[PDB]
Amino acid sequence: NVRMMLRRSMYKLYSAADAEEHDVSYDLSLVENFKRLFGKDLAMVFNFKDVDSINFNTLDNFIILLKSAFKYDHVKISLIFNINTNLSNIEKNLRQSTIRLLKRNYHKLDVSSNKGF
Amino acid sequence: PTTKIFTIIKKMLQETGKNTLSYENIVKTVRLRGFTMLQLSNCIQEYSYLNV
Amino acid sequence: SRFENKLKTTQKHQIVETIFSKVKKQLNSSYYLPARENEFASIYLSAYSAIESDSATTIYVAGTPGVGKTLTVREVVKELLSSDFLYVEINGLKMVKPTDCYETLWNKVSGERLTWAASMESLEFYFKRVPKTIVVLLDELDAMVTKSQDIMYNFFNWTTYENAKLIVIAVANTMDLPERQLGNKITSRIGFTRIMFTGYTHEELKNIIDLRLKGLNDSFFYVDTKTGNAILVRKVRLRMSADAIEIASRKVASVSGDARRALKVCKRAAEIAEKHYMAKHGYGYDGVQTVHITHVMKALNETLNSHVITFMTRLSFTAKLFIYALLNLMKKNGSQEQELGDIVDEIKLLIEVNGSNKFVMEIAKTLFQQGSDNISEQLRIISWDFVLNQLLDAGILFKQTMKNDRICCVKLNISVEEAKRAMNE
Amino acid sequence: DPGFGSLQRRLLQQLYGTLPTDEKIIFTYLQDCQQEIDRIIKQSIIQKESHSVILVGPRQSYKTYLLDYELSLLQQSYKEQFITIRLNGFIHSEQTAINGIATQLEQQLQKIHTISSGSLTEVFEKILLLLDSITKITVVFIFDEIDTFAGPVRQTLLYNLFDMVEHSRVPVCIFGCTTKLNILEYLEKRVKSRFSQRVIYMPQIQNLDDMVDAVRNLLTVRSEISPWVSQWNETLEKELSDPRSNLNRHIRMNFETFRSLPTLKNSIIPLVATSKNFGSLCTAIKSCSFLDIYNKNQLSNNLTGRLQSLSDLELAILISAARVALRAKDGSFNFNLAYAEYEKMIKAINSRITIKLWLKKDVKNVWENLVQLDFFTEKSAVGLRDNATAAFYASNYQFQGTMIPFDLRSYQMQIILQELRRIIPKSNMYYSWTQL
Amino acid sequence: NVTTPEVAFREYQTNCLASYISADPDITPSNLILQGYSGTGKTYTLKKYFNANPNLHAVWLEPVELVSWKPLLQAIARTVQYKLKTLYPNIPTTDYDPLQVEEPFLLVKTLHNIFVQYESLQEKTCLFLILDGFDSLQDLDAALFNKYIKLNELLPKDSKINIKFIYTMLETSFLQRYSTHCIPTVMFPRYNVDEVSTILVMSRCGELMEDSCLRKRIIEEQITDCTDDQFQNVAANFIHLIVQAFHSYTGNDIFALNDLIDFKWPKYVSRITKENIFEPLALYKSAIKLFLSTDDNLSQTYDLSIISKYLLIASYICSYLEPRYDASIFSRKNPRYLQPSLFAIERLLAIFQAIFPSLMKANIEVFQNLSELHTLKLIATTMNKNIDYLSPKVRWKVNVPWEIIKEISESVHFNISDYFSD
Ligand SMILES: Nc1ncnc2c1ncn2[C@@H]1O[C@H](COP(=O)(O)OP(=O)(O)OP(O)(O)=S)[C@@H](O)[C@H]1O
Ligand SMILES: Nc1ncnc2c1ncn2[C@@H]1O[C@H](COP(=O)(O)OP(=O)(O)OP(O)(O)=S)[C@@H](O)[C@H]1O
Ligand SMILES: Nc1ncnc2c1ncn2[C@@H]1O[C@H](COP(=O)(O)OP(=O)(O)OP(O)(O)=S)[C@@H](O)[C@H]1O
């Protein structure tokens, strides 16, 4: 859903945040107060493992939720789209209003075990 | 025109309290008033829905 | 217990005890019984044997609500305090979760509070180990049967132990309850006593009224003419016409045979004469009186008569415009359930099939724009979401949920003939 | 002048009814209904009656406005004499409402001069023993949407309070407010026998003259505050006495469609605050042209102004979208069926004459706004669930329509083809395509 | 009485929001609806009011950065005691736990606990709560919106501080469910083609004359001392043309114009000359190539192998080929538009063995590429994605459109258009 994709992901960074830090709520409340909750700033990265099996409207509604975090200026977001193939399939599935959100600084790096042998 | 006529029946029900099916002495107090024999004939059948 | 000391306050500024106030004090539903006289013994002689012999039995009574089965078994145990037991009112509907009754029993043996799991362990440990006395009322048994019958098997398996100091008394809604909800393995444990309670009869319904009207029927009050206060300047009396009390009985015994319904229709009819007496003289709130037959004629009808007919003729125009379109489709198709877009299709069509009558034109001007020839050309009519929402929460209409606002079906909820009939006005 | 602005202070709080409780004004078409409510409520506290009632009437019908009016009418003279407990059926479920009662009980005790502590059924038998049991405190219950408590499954909370009528020495009174009309059949047998059966229906504006009489009592100020007042009062009725006056004309429209006063009461609030001097306000109620602009704005984007505010292509896609929709029996149509017939429509325009026919990869960006402008719907899509746990059962359900691609989600129609001809003007070139 | 601001195209709507909002609570109506679609600046025109009114106090909440109502109650109760700390710092406080609340009773339980210590204030002060985006909450239903309407009346009405609401939502089908509550609504209309361009020019002059991509191109070309007005003209000539060559593609949006500008702007900058600064019409004629293409799409020859390629080409056959016809026309002796039908297993290998160049019999690698194609989501299960292996009742289906099939047919030299016959 939109819900547990948020909630598990906030949980997964939070234990990663306490382990480097040496009660709270698992949503975007931590994201703004991360400057005060943990001192230093935040640069998270999103290893979307198998991206074409997900219902894309959930993914499209997910990225609009991340769009609201762009007004705090102490956090940096980075998305990694590990597709299997077929980039043209992916620009078909999403909402076109979010592709224009995506198309700011895209980089189509190829990673293939078989690349020119 | 029918709210009063239940109470003259209640004046009989004051007297003996009888729920008889066919009438010869209930109708006797009706003809001196001004209503016909047909209006009370409907009043027999419709007050059967009141189970009285 | 504790806070009833705090529920008392001091300043009580001389409330006017009028004529009909002292009626409603005894017409309160609180304070030997005439109707279920011998069946009180049939419970009690079934109960007196097991009590004075240290056994474990079961007693099953049924009947419609309003017949005294809440009352009678309280009168059983009440005299028994004069002559070894712990009384508990284990109500079914007063338990939030069905397992919560288990907590009460283990609370009401020593005073401990554990879970429903840990209670019934020690309850079972009680019911087969104690050397040798517990009365328990399992009221309103429709509540505690619902989930998987695992609770109900326990409450009768405890009865089977010969070393179980317990006396259970079940009071249900129907005699059918261990035959259409329970299993046969419970139905062996329920026994075959099965004391049936019928309704009340209309003769006894007279005999229950005057028990409340014992010291007050045709008695005398002492009244000052200035405030309307009555004391058990004139010395007035108040009489109750017994024939009107009789016609109260011959209806309530006919339909329901309910002891609350008989008292309350007398209680409702009592206050009709209260306001009419206050209307004629105005004593506020700071020769021979009676209660007519015409009071209980209204108040009994006041249980029956509706207003949805009067509600419909007092609705808006577009409300009555809506239903008249809706019956037109139901006699066009005969399918009693029409698509929402077809109704919007019809109310368009029901404009121009009528002529160029200027009333319809003054309607048709207003029906698509609130005057204001600037803004016009509305597709669906003005406030069409509003009246359809107003007909929905009123309960007259019913509309299934769909995000399409065209093919969502609509179903009537009241009888369509009375909808046809109220439309005629 | 501030005296004109002081008149704005008086007139506004008169339109909200936020006056002190001596001068709150009840309209004439319901004065009888509050008095029988008053005869119920004041003999419940003073004369210690223990009887219940159900208020029934449609939404926005002063029902919650009537009851606290009585309380404020009794708060002035009977201060400590009673406490009120108010429960909404909306805000309270079946089980937290027990905690709703007990917590609202104890805060009254400090106002009148260990309860909420324990389990939910532990505090439940507590308030059972505290209620069932110089003078006694009486308790007034205020229930909003009591029909939702009257569900099918348990109905516990109704069964306890109605038995508190029968046995408790503490004098209570219950006030059910709802809008489901036949409330009595919604109850089962064993609860209705506890019920004292007395319901009271709420009145409606039965004649055109009634709300005309209401709005006169609504707008007229009787207390002397401003020098403008005597001038202001006769301007009001002079508009109201004339049946050909525009304010009297537009009130007739409100009697027709809505027949509900707070709808019209809503309209006047900007109309009397938009004026800046005294004379402009009198012209405003003389002209009532602002009501036209107001009813314009309330209408401006439900369905028609949605259609007027689209470009040339967005019309042309949707116009093609209905001409496909007329062909099939259910009316459903895919995206490929749309763009195919959209192609030959543009080809017909050039061959009968210079119009940029767009590609495939771009119509999707226009197709995105059209579905979220609700001009189309998905074929089998229940839009909004009624309550929370029915919506939560729809969230876990993985769907099949997303698993077929974007261009094959079988979109159906919200606005039918024949109705497009009536709204689209003939000056537009696609007017020949509205009709088939 | 209030100090209204002034904006571009909300001249009616600034008046009503100045009408329906006062610092006095009695004149202030309880609940309010600001309605309009995205692309009207309602979050713009609301805050633009609030900056012009420092007398009132606003607490700004954001539902779209939340996910559910259970944190949304925790969102409210954390903020009011956060705000009232910063409004009356002399008032002592038993600070409560905002984590504690999770149920709609608990809010009014805690607001009964919050406001009572603030009773000693001097005048009835209001306090405006603002919810932004109430329709796009991702767990909404029917019985949530009314649940927040009656929250005011469960509060004690005689407290010195009164909480009132303003609701921002969209999708006006949703508002038609609640018109019978008759709460005062201020609808926000959509825009017209001029006022889109009129809004856009006064909002994008502040960046597109100050971008370094201009400022590089200033000093890179022979810079004549062109004025900021000369920079203003070419910026205005850019905006007045970009909305003209794209309005049919975008509708009356503002967000979808705010980014297409920021894609085509530096590509417009490179095609200017020193001389075309005075020559705007010929400048468009030299920079023409971007104004007729979208440039939002950042057709693959697919990666999969040869036997998997014929595995795809047999799966597309049962979008039209029914079992009544296929075994006759494929002997060893139109729904191109329509949605695809449902497979079963071994009907693939029925068609696969026929159309392959006795030359093949081993089917281990053929079974390999099936669940390879299942991970590519090009052929998916009808049911849930779990038990599809063991042959219970499982139906299969393609999810690839016709064109990618058509290229992949010729990519393996196989002819497919013969066997599709209406
Ligand atoms: N024979 C009677 N004599 C005197 N009072 C009676 C008699 N029968 C009923 N009542 C009164 O009427 C009330 C009706 O309650 P009951 O009939 O005892 O309850 P009920 O029959 O179990 O209906 P329930 O509890 O909903 S199943 C009693 O509480 C008494 O106050
Ligand atoms: N605090 C208040 N003071 C005075 N009038 C109020 C107040 N709150 C609401 N109203 C009025 O209440 C009327 C709406 O009717 P209500 O009874 O509040 O709603 P209802 O639909 O009749 O019943 P509810 O509220 O839906 S359960 C409007 O005329 C409001 O002006
Ligand atoms: N009158 C105006 N003057 C200047 N800029 C305006 C005006 N109206 C709208 N805008 C701009 O329009 C932009 C749109 O902002 P938003 O409020 O997000 O639009 P929206 O319709 O509210 O969509 P949302 O955010 O989903 S509610 C604002 O950021 C402003 O820059």
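Taken in sequence, the protein lines are chains C, 7, A, D and E. For the first sequence, the residue numbers in the authors' numbering are 138 to 159, 180 to 274. For the second sequence, the residue numbers in the authors' numbering are 740 to 791. For the third sequence, the residue numbers in the authors' numbering are 404 to 434, 448 to 499, 507 to 555, 560 to 659, 677 to 730, 769 to 907. For the fourth sequence, the residue numbers in the authors' numbering are 46 to 158, 171 to 190, 207 to 426, 447 to 529. For the fifth sequence, the residue numbers in the authors' numbering are 2 to 299, 319 to 353, 372 to 395, 412 to 476. Yeah, the Cβ is synthetic: ideal placement off N, Cα and C, and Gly gets one too.
TODO: Report yes if the CB atom of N163 (chain E) is closer than 8 Å to the CB atom of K125 (chain E), and no otherwise.
DONE: yes
Task: Min CB distance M326 (chain D) to chain E below 8 Å - done: no
Task: residue 793 (chain 7): contacting residues in chain A (beta-carbon distance under 9 Å) - done: No information on residue 793 (chain 7) is available, as it lies outside the stretch 740 to 791 that chain 7 covers here.
Task: Host beta strand (DSSP E) of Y524 (chain D) (start-end) - done: Per DSSP, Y524 (chain D) belongs to no beta strand (DSSP E); it is in the alpha helix (DSSP H), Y524 to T527.
TODO: Report all residues from its chain with a CB closer than 7 Å to the CB of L450 (chain D); omit the five preceding and five following residues, and keep chain order.
DONE: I419
- [ ] Mind checking who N514 (chain A) pairs with in its DSSP beta bridge?
- [x] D566 (chain A)
- [ ] Would you identify the three-state DSSP class for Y721 (chain A), choosing helix, strand or coil?
- [x] helix
Task: CA-to-CA distance, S299 (chain D) to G48 (chain D), given in whole angstroms - done: 5 Å
Open item on the list: So, for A901 (chain A): in the same chain, excluding its five sequence neighbours on each side, which residues have a beta-carbon less than 6 Å away from its beta-carbon?
Closed with: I805
- [ ] Could you round the C-beta distance between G40 (chain E) and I255 (chain E) to whole angstroms and report it? I think they count as a contact, below 8 Å.
- [x] 5 Å
Open item on the list: Measuring straight from C-alpha to C-alpha, what distance separates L777 (chain 7) and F135 (chain D)?
Closed with: 56 Å
- [ ] Report the neighbours of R178 (chain E) on chain A: residues whose CB is nearer than 9 Å to its CB, in chain order.
- [x] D867 and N871
Open item on the list: Across the region 29–49 of chain E and the region 177–190 of chain E, are there enough close Cβ pairs to call them in contact, namely three or more that are closer than 8 Å?
Closed with: yes
Open item on the list: Quick check on DSSP: helix, strand or coil for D133 (chain E)?
Closed with: strand
Open item on the list: Can you give me the C-alpha to C-alpha distance between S351 (chain E) and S339 (chain E), rounded to a whole angstrom?
Closed with: 19 Å
- [ ] For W70 (chain E), count neighbouring Cβ atoms within 10 angstroms of its own Cβ and tell me buried if that reaches 16, exposed if not.
- [x] buried
- [ ] Using a threshold of 8 Å, state whether the C-beta atoms of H58 (chain E) and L88 (chain E) are closer than that.
- [x] yes
Task: Beta carbon of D184 (chain C) nearer than 8 Å to that of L67 (chain E) - done: yes
- [ ] Give the single residue among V454 (chain E), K353 (chain E), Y330 (chain E) and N453 (chain E) whose Cα lies nearest to the Cα of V420 (chain E).
- [x] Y330 (chain E)
Open item on the list: In the DSSP assignment, the alpha helix (DSSP H) including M326 (chain D) goes from what residue to what residue?
Closed with: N319 to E329
TODO: Check whether the Cβ of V109 (chain E) lies closer than 8 Å to any Cβ atom in chain D.
DONE: yes
TODO: Step through the CB atoms of chain C and report whether any lies within less than 8 Å of the CB of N458 (chain D).
DONE: yes
- [ ] Within 10 angstroms of the Cβ of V489 (chain A), are there 16 or more other Cβ atoms? Answer buried if so, exposed if not.
- [x] buried
Task: Coarse secondary structure for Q155 (chain D), derived from DSSP in three states - done: helix
TODO: List the residues that DSSP assigns as beta-bridge partners of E471 (chain D).
DONE: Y504 (chain D)
Open item on the list: For a test of your reading of the model: does the CB of residue 42 (chain D) fall under 7 Å from any non-hydrogen atom of ligand 2? Yes or no.
Closed with: No information on residue 42 (chain D) is available, as it lies outside the stretch 46 to 529 that chain D covers here.
Open item on the list: Any heavy atom of ligand 4 closer than 7 Å to the beta-carbon of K485 (chain A)?
Closed with: Ligand 4 is not part of this structure, which contains only ligand 1, ligand 2 and ligand 3.
- [ ] From the DSSP output, in three-state form, read off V98 (chain D) for me.
- [x] strand
Task: Below-8 Å beta-carbon distance, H137 (chain D) vs any chain A residue - done: no
TODO: Please confirm whether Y21 (chain E) and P185 (chain E) have their CB atoms less than 8 Å apart.
DONE: yes
Task: Candidates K233 (chain C), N246 (chain C), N262 (chain C) and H264 (chain C): closest to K192 (chain C) by CA position - done: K233 (chain C)
- [ ] Please work out which residues of its chain come closer than 8 Å, Cβ to Cβ, to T215 (chain C), disregarding the five sequence neighbours upstream and downstream, and give them in chain order.
- [x] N138, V139 and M142
Open item on the list: Between the alpha carbons of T141 (chain D) and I833 (chain A), how many angstroms are there, rounded?
Closed with: 51 Å
Open item on the list: For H416 (chain A), count the other beta carbons within 10 Å of its own beta carbon; 16 or more makes it buried, fewer makes it exposed. Which is it?
Closed with: exposed
TODO: State buried or exposed for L332 (chain E), treating a residue as buried only when at least 16 other CB atoms are found within 10 Å of its CB.
DONE: buried
Open item on the list: Give me the pocket residues for ligand 3, defined as CB within less than 7 Å of any heavy atom, sorted by chain position.
Closed with: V8 (chain E), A9 (chain E), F10 (chain E), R11 (chain E), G37 (chain E), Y38 (chain E), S39 (chain E), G40 (chain E), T41 (chain E), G42 (chain E), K43 (chain E), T44 (chain E), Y45 (chain E), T46 (chain E), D133 (chain E), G134 (chain E), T169 (chain E), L171 (chain E), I200 (chain E), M203 (chain E), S204 (chain E), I255 (chain E) and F256 (chain E)
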